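First comes the structure, then the notes that go with it.
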Ligand SMILES: *[C@@H]1O[C@H](CO)[C@@H](O[C@@H]2O[C@H](CO)[C@@H](O[C@@H]3O[C@H](CO[C@H]4O[C@H](CO)[C@@H](O)[C@H](O)[C@@H]4O)[C@@H](O)[C@H](O[C@H]4O[C@H](CO)[C@@H](O)[C@H](O)[C@@H]4O[C@H]4O[C@H](CO)[C@@H](O)[C@H](O)[C@@H]4O)[C@@H]3O)[C@H](O)[C@H]2NC(C)=O)[C@H](O)[C@H]1NC(C)=O
Ligand SMILES: *[C@@H]1O[C@H](CO)[C@@H](O[C@@H]2O[C@H](CO)[C@@H](O[C@@H]3O[C@H](CO[C@H]4O[C@H](CO)[C@@H](O)[C@H](O)[C@@H]4O)[C@@H](O)[C@H](O[C@H]4O[C@H](CO)[C@@H](O)[C@H](O)[C@@H]4O[C@H]4O[C@H](CO)[C@@H](O)[C@H](O)[C@@H]4O)[C@@H]3O)[C@H](O)[C@H]2NC(C)=O)[C@H](O)[C@H]1NC(C)=O
Ligand SMILES: *[C@@H]1O[C@H](CO)[C@@H](O[C@@H]2O[C@H](CO)[C@@H](O[C@@H]3O[C@H](CO)[C@@H](O)[C@H](O[C@H]4O[C@H](CO)[C@@H](O)[C@H](O[C@H]5O[C@H](CO)[C@@H](O)[C@H](O)[C@@H]5O)[C@@H]4O)[C@@H]3O)[C@H](O)[C@H]2NC(C)=O)[C@H](O)[C@H]1NC(C)=O
Ligand SMILES: *[C@@H]1O[C@H](CO)[C@@H](O[C@@H]2O[C@H](CO)[C@@H](O[C@@H]3O[C@H](CO)[C@@H](O)[C@H](O[C@H]4O[C@H](CO[C@H]5O[C@H](CO)[C@@H](O)[C@H](O)[C@@H]5O)[C@@H](O)[C@H](O)[C@@H]4O)[C@@H]3O)[C@H](O)[C@H]2NC(C)=O)[C@H](O)[C@H]1NC(C)=O
Ligand SMILES: *[C@@H]1O[C@H](CO)[C@@H](O[C@@H]2O[C@H](CO)[C@@H](O[C@@H]3O[C@H](CO[C@H]4O[C@H](CO)[C@@H](O)[C@H](O)[C@@H]4O)[C@@H](O)[C@H](O[C@H]4O[C@H](CO)[C@@H](O)[C@H](O)[C@@H]4O)[C@@H]3O)[C@H](O)[C@H]2NC(C)=O)[C@H](O)[C@H]1NC(C)=O
Ligand SMILES: *[C@@H]1O[C@H](CO)[C@@H](O[C@@H]2O[C@H](CO)[C@@H](O[C@@H]3O[C@H](CO)[C@@H](O)[C@H](O)[C@@H]3O)[C@H](O)[C@H]2NC(C)=O)[C@H](O)[C@H]1NC(C)=O
Ligand SMILES: *[C@@H]1O[C@H](CO)[C@@H](O[C@@H]2O[C@H](CO)[C@@H](O[C@@H]3O[C@H](CO)[C@@H](O)[C@H](O)[C@@H]3O)[C@H](O)[C@H]2NC(C)=O)[C@H](O)[C@H]1NC(C)=O
Ligand SMILES: *[C@@H]1O[C@H](CO)[C@@H](O[C@@H]2O[C@H](CO)[C@@H](O)[C@H](O)[C@H]2NC(C)=O)[C@H](O)[C@H]1NC(C)=O
Ligand SMILES: *[C@@H]1O[C@H](CO)[C@@H](O[C@@H]2O[C@H](CO)[C@@H](O)[C@H](O)[C@H]2NC(C)=O)[C@H](O)[C@H]1NC(C)=O
Ligand SMILES: *[C@@H]1O[C@H](CO)[C@@H](O[C@@H]2O[C@H](CO)[C@@H](O)[C@H](O)[C@H]2NC(C)=O)[C@H](O)[C@H]1NC(C)=O
Ligand SMILES: *[C@@H]1O[C@H](CO)[C@@H](O[C@@H]2O[C@H](CO)[C@@H](O)[C@H](O)[C@H]2NC(C)=O)[C@H](O)[C@H]1NC(C)=O
Ligand SMILES: *[C@@H]1O[C@H](CO)[C@@H](O[C@@H]2O[C@H](CO)[C@@H](O)[C@H](O)[C@H]2NC(C)=O)[C@H](O)[C@H]1NC(C)=O
Ligand SMILES: *[C@@H]1O[C@H](CO)[C@@H](O[C@@H]2O[C@H](CO)[C@@H](O)[C@H](O)[C@H]2NC(C)=O)[C@H](O)[C@H]1NC(C)=O
Ligand SMILES: *[C@@H]1O[C@H](CO)[C@@H](O)[C@H](O)[C@H]1NC(C)=O
Ligand SMILES: *[C@@H]1O[C@H](CO)[C@@H](O)[C@H](O)[C@H]1NC(C)=O
Ligand SMILES: *[C@@H]1O[C@H](CO)[C@@H](O)[C@H](O)[C@H]1NC(C)=O
Ligand SMILES: *[C@@H]1O[C@H](CO)[C@@H](O)[C@H](O)[C@H]1NC(C)=O
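Here is the structure:
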């Protein structure tokens, strides 16, 4: 019954640029938000969990925040390898909800 | 090491059925709850179903009701998902996820397997 | 070369302690987390420092396992030695196991209390001795801190494995296991 | 006798360890199936390897024995050492006891169980406590360990007197004293 | 002073073991009925031989003490050694404890019981832990063992400070360290 | 724990502790060796004998004969590992010390003996001198050497 | 266990560890004896002192002052059986080592001492030299002998 | 807590006291032999790590050759031998030195000093380690030199 909204749906960026995306929850999900990086042809990779805990094997340039309903994922300096669709997931229900995703394009 | 391995994928004709199974290994599986998640490559990742470690709770995504039956064999450490009346929109790669809250590495993912529904 | 007093050479030897496997357990380190206790030339225990749980049961029915007697005795003896040697252990809720199936699986929760009085410190100190010979890289603590050691892992997991040449960082050595034999009853609290 | 280097004569000493009966128990061997532990010149314990049972109930009610405190501690202590020193003891169903009015009587059912079992562990403690006789009593006098068993079904230890004198070998404190060093080794967590 | 062989002079050393307060507890004697164990320069335990009771209930609720974990382990450890080292302890009814808010307080009722009893065993552990003072505190300074008793009814060990200074004899780590060697000997099976 | 008991006041074995009716005496050399060596079964037994003698003379006991005292004293008095060594040798088919019998190598003209070494046993009986002749000859040389160094 | 700790770097007792004013030093002989003898109470205490010194300099402690470390270190540092021996002698009415006081037999012209032996006590007080005169005389001969063998 | 195994029984036959290390005992050389003085020192002295290892190896050899192989190589036998075979406090000593970040023996590499025209090496001493690696001769020099003088002294005493 928790619906997540991500925004902006699309954003473009330069390589090495700083970008942020958001995720907005309806009910509270505490800090149980996860983020995924989806590349064409691949299963999504988990990047972040517990709102801001960086997952193993994920570059330090990735970060994030939020502990209520307002959340974010950030990249300090975007790499050519980070142009991906990013998704937020809440897991405070045992019925997981994923947002619609946001896409980072190169400009 | 903690691991989840799916099997049983393949091609199903619309309206048909397929039984997935997932082997758990290296942990005390019968004590943990489990989730099924499916991936559609042109869409985001979506949730399918959840089962309690003792089987007392079984829930499903609103987009999939009456078609799926989730169960667990604690003696053999196998998670099952029986799907019937399969629709074209159910084509996806299905995989096992072991989510444990308060675990420092909360999501154990399997590899998954492809279930295709087509003519 | 290294000719002392003009008449003696300094020469070395290294002992191939693996040949002692037939009579005594040998410890060895892989990566900076996995540690193995090798038994004979067939089996042993794998000691893993991890961020993943294996048991969310929170029970450890040693007496059920004993009544059934389906477990390997050499391996249970090693588990007992490890456990009993944990100093100042009284946080029983921090330990769980799954001694069913004739197998061994033991979990110690290092985050149960997270200062120096924590069971986590006691568990890590035994770990340091049981896997002495690479346990220091896995601990990832500076030296001179044994009295108060904490690590980056949530659990110490011990599970039965099979024989393999499970060595990268250190060489098999009986010393850890043997050293613990004198510490079995030390640092025990009243009931 | 024999002079080494044509100078040094061998002569022998044989020690009388009976003079050590006070301050330490002595382990005595009589006739293969029977061994004794004597304390001073008043009491002792008979250790018998048999195919017969004396008690059968599986209730080693130690708590009552302690509360009643009707048992001579000298022998309770020896029994404690014998039992605790049994390695890898994980079968409580393997033994029965009787502490009724003191009169301590302990029976181990070696027929509970083939290497490494409790029954073999029971014989190993026996082997040491009765070191002067166990060479014969247990058949496999040397060349074996772990995979040790005898013809008997039970090891029975009972309250007796001190007047039952040795026959096979002289009494010696060594068995008991040796078992005092390691009384907590090879114990399971339980 | 005195020259041995007209050459070698005796002179003496006396060691200041107070410098050992960190890394090891020191056992202190004050005035026959009172002995102390000090840890570093922060805490300690008072050991008193008395005819008065402080607690009376017989529920040494250690399980709660462990779960609560509100007690400084340095002293919980010392108390455990004291208790576990008491030989032949078979009377749990002989002692009461108080762990409410930590504040450890342990009372042994030597008036539970005449040789070889628990009360005597309690005094023997005391004798060693308080070795520097026990010579006087227990009356039977030497020439006796097992058949030892004092005028006091209780041995009470309580949580205190480190500022209570010795008077009878200098503090020394030897009592405590000596009791670390044998902590599991003379233990009944139970 | 090492041996820490030092033999009391030149040392004799009372005739009452010997299977042989006549008691025997040893010189200073034997006594000194028991305070330096950590692995001699003979010296190990002597410490038990002195303990017994002192406990009997100085303490009284309430019927139990102070088993609780030996349970503590035993680590200062004996080398438990000599016991374990002889035990391991007995598990294996290896001759070992049975504590009851000793070599007592003597000297015909000086009246001086070696520290007696333990007579080994195997297969339910005592060994013949032939089987440990090498050690007897070594001990005779050891006594010769000590006199030469003196 | 036997003593296994080896005394650290000719060895001196800091003035801070001595009741008597003025620290004192020992030569190589005393140090060497503590690594060979297994039964000397003086050497036994020195090992505790080195341990204490090293633990203080190298390790920090969370108020408890590492009691858990000594509980392990104690077997490498001391001979517990010296303690049991002195205890047994105390049970019996036999003079025994009280650890706190030592003979320190000195040498007027060479500036060299014996390994100090423990001063025995009995009956609540320290023994008079008369009662252990035999041991003092033996120790003086032992020092003479060692010098003669050196020569 | 002294050791008692004393290198077992009649292993010092042939070259007297010539206890040797075989190719399966050594990492590289197929054979290294030490003289009777190495064994005499091992049997009498109570603080050398190399010596404790000889006892563990010697035990292993005897148990394997003389006893019926126990099912599953049960640990029970070694648990009754360890106190007779090794100084448990050498392990504790090296452990404490590791704790205190002091160079210590981890029982791997050993060094011995070997005369170039004769033989009769020193008993091997443990090569110490610190901070994840082996120490240099730079830090061992004082002991290597002392061992060299000890060996010279012994030759002179023999004379
Ligand atoms: C390891 O160390 C032990 C010591 O701890 C060493 O001692 C052995 O002790 C046993 C028991 O004392 C000895 O066995 C005795 O052997 C003698 C001689 O045996 C001959 O004569 C008998 C007669 O039937 C024959 O059967 C035998 O084959 C020989 O020919 C016996 O005389 C002993 O019996 C007497 O003493 C027993 C114990 O008191 C009595 O039960 C028995 O009735 C006899 O007693 C007579 O004298 C008593 C004196 O007090 C008196 O009270 C009685 O009323 C009666 O008149 C006994 O069977 C064995 O010989 C000792 N050692 C040796 C070989 O000398 C172990 O031998 C040693 N083991 C090893 C090798 O590892
Ligand atoms: C076994 O080993 C121990 C050492 O471990 C050995 O040492 C004995 O230690 C005790 C305790 O230190 C000594 O007892 C002291 O004796 C001195 C001298 O006593 C004379 O003066 C008093 C004055 O009333 C008389 O009663 C007595 O009969 C003598 O004539 C006393 O001066 C000591 O008291 C002082 O120190 C105490 C401890 O700090 C204080 O409680 C007391 O108030 C005194 O303190 C003064 O100085 C302090 C310095 O820091 C200061 O802080 C205080 O404020 C104050 O100004 C104490 O009673 C005993 O004498 C030592 N040994 C001997 C015999 O000399 C044991 O003796 C030894 N046992 C055996 C069996 O030999
Ligand atoms: C290893 O050691 C660590 C030490 O930290 C342990 O971590 C601790 O685990 C406990 C147990 O899980 C945590 O307790 C929680 O505390 C929060 C505080 O708000 C509380 O909300 C939570 O409630 C949970 O259990 C309830 C039991 O009935 C459930 O009812 C409740 O469900 C409701 O709420 C959720 C979301 O909040 C909804 O999704 C549900 O639908 C329902 O509405 C919920 O499940 C617990 O009481 C403790 O916080 C945690 N410690 C830390 C620091 O985080 C590990 O568990 C331990 N692991 C092992 C294997 O031993
Ligand atoms: C100590 O040493 C031991 C070995 O001595 C190390 O343990 C080994 O770890 C290996 C993996 O690193 C593992 O191999 C696996 O074998 C199975 C066989 O089926 C493969 O399936 C494995 O994974 C493959 O596929 C994954 C895909 O995962 C990614 O994508 C999914 C998409 O959903 C994400 O959810 C996921 O998070 C990832 O992003 C690839 O990632 C893998 O690279 C691989 O292609 C592995 O091949 C060994 O079995 C294992 N052996 C043992 C005994 O442990 C151990 O890790 C090391 N410890 C340390 C601290 O370094
Ligand atoms: C006491 O303390 C010392 C110091 O820390 C320890 O010494 C280390 O011991 C280990 C084990 O013997 C040594 O590790 C070995 O190194 C060999 C060479 O490594 C180089 O080449 C490889 C090639 O792939 C590189 O990856 C590596 O970075 C180096 O450049 C390896 O060949 C050895 O591996 C062999 O066995 C494994 C088994 O699985 C096989 O997979 C391999 O292919 C190969 O056959 C091994 O990794 C280490 O170098 C030593 N350190 C030092 C400083 O010398 C003692 O072990 C320790 N002892 C005790 C008892 O605690
Ligand atoms: C576990 O330990 C055992 C015992 O040390 C190891 O086995 C031993 O391996 C050596 C070779 O390294 C064998 O040597 C051979 O002996 C025969 C004798 O006839 C000879 O002909 C050969 O040329 C060779 O020298 C030794 O016999 C063998 N011993 C046993 C009991 O098998 C074993 O390899 C170790 N295993 C592991 C996995 O570490
Ligand atoms: C950890 O220990 C367990 C318990 O011993 C190991 O699992 C066990 O492995 C044996 C084979 O080695 C299995 O027995 C065999 O089963 C097959 C049928 O599947 C049968 O045909 C054979 O004759 C034999 O009986 C046993 O069932 C199995 N038990 C369990 C609980 O899994 C496990 O493999 C060990 N860990 C590792 C990493 O090896
Ligand atoms: C330890 O034993 C207990 C029982 O003694 C096991 O838990 C029981 O599980 C049954 C399942 O039907 C319940 O009805 C009982 O009420 C449970 N008992 C308790 C005390 O909770 C437990 O799973 C066992 N644990 C292990 C590691 O084997
Ligand atoms: C040791 O065992 C013997 C039996 O062989 C016990 O003998 C009698 O036990 C009853 C028990 O109610 C007493 O009333 C009798 O007085 C005992 N007989 C004699 C002659 O004393 C003996 O009591 C047992 N000893 C102990 C301490 O329990
Ligand atoms: C110490 O122990 C004695 C003996 O058990 C206790 O005193 C007994 O109290 C009961 C109370 O009903 C009386 O009937 C007994 O007659 C008393 N016996 C004696 C010998 O006095 C005493 O109260 C205990 N004290 C504490 C603090 O536990
Ligand atoms: C040691 O005992 C003393 C009593 O002599 C305790 O003193 C107080 O205990 C209460 C318990 O609720 C605390 O709230 C107070 O803060 C303590 N007072 C002081 C000055 O600290 C002391 O807490 C006990 N120590 C421990 C570790 O339990
Ligand atoms: C072996 O040692 C004994 C030890 O005393 C010597 O026996 C003594 O012999 C003298 C006369 O030579 C007697 O006066 C003593 O009574 C004997 N002592 C005993 C045993 O009571 C014996 O002579 C020595 N033998 C050799 C070869 O020198
Ligand atoms: C006993 O040993 C001490 C050990 O130092 C000697 O005391 C030193 O005396 C010298 C001058 O002779 C002083 O320079 C030192 O300061 C003293 N050391 C101390 C104790 O601080 C003492 O002379 C020796 N006595 C005899 C008889 O030789
Ligand atoms: C038996 O014990 C009593 C105890 O008083 C003693 O007097 C008697 O001499 C002893 N008799 C023996 C061993 O024959
Ligand atoms: C042991 O005690 C139980 C009650 O706790 C009783 O039913 C049983 O009969 C007793 N057994 C014996 C042998 O006395
Ligand atoms: C008491 O302990 C504190 C701990 O920080 C220390 O700083 C202080 O110097 C000590 N004072 C003493 C022993 O007088
Ligand atoms: C000990 O716990 C029991 C319940 O298990 C309780 O009834 C009793 O009052 C407690 N005693 C004390 C001294 O707290």
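Chains as they are written, first to last, in PDB author numbering: chain L, 1 to 29, 36 to 57, 65 to 72, 74 to 80, 83 to 109, 114 to 127; chain H, 1 to 9, 11 to 30, 35 to 59, 63 to 72, 74 to 128; chain A, 59 to 172, 179 to 255; chain B, 59 to 171, 179 to 255; chain C, 59 to 171, 179 to 255; chain b, 260 to 268, 277 to 417; chain c, 260 to 268, 277 to 418; chain a, 260 to 418. Every residue, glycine too, gets a C-beta built ideally from N, C-alpha and C.
Item                                                                                                                                                     : Value
Residues of the region 129 to 156 of chain C with a CB closer than 8 angstroms to any CB of chain A: list them in chain order, please.                   : 131, 134, 135, 137, 138, 141, 142
How would you call residue 20 of chain H, buried or exposed, if buried means at least 16 neighbouring beta carbons within 10 angstroms?                  : exposed
Mind listing which residues of the region 203 to 225 of chain C have their C-beta closer than 8 angstroms to chain B's C-betas, in chain order?          : none
So the beta strand (DSSP E) residue 389 of chain a belongs to, where does it begin and stop?                                                             : 384 to 389
Do you know whose CA, among a:397, a:418, a:415, lies nearest residue 68 of chain A's CA?                                                                : a:397
Buried or exposed, going by whether 16 or more other CB atoms sit within 10 Å of the CB of residue 383 of chain b?                                       : buried
How would you call residue 283 of chain a, buried or exposed, if buried means at least 16 neighbouring beta carbons within 10 angstroms?                 : exposed
When the Cα of residue 172 of chain C is compared with those of C:219, C:104, C:90, which residue comes out closest?                                     : Looking at chain C, the numbering goes 171 and then 179, which leaves residue 172 of chain C without any coordinates in this model.
Answer with buried or exposed for residue 61 of chain A, where buried requires no fewer than 16 other C-beta atoms within 10 angstroms of its C-beta.    : exposed
Which residue comes first and which comes last in the beta strand (DSSP E) that contains residue 49 of chain H?                                          : Run containing residue 49 of chain H: none; DSSP gives neither H nor E here.
Taking C-alpha atoms, which residue in b:315, b:339, b:403 lies nearest to residue 248 of chain C?                                                       : b:339
If you count every other CB in all the chains shown that lies within 10 Å of the CB of residue 115 of chain C, and 16 or more means buried, which is it? : exposed
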